[PDB]
């Protein structure tokens, strides 16, 4: 029996502005901060603890983690910040208002761009300011592994090495893990963990700032899962 807690970052600015975010490094709203703080308080009160946490390199997730740590009195635990946990990359949609985009390209198109397992949004041009190449966060990521766009499928491919190489061993080592990540990177990981089919994942949505608890057996096969609070 292992427990693993997932939590999606609190409400970000672009969440609130209903803008596609992906790799753009936007921060938490005040509400996002509340949610993160409330999640940490929830975890504290339910008596949960952590020996390690995993996060992306995007401040909305890390700041959420911070608030969780702050509330749980766990600011001292090792935190692994991984670009592998990054939100799904939204290519040339990053920054665009979702309502405006669906008005322009149709809801269907947008729904494909948002939830197609295998078909990514349109890509960033390699020369877009928003491309990841010159970002210090990715300085050690081999260029050809940095996306200009992603579908969930890419996200799953990107997350898995972090799971296999780091999180799973941490869990089996008996470390109590928190993963603070993103809507679609958590969908990606959860797709893997729950062995969810390509069609079945399409409808999964994870609210901001709600601890999602996984109980895992000795082979790390999910037993059940549940949100806290």
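Numbering follows the first chain given and starts at 1.
For the segment pair 78 to 86 and 132 to 140, the entry gives 132 to 140 the higher mean B-factor, averaged over Cα atoms. Set 61 to 69 against 190 to 198 and average the Cα temperature factors; 190 to 198 ends up higher. The deposited CA B-factor of residue 31 belongs to the highest third of values across its chain.
In the deposited entry, the Cα temperature factor of residue 12 places it in the lowest third of its chain's modelled residues. Split the chain's modelled residues into thirds by C-alpha temperature factor. Residue 21 is in the lowest one. For residue 121, the recorded CA temperature factor ranks within the highest third of the chain's modelled residues. Sort the chain's modelled residues by C-alpha temperature factor and residue 95 lands in the middle third, per the entry.
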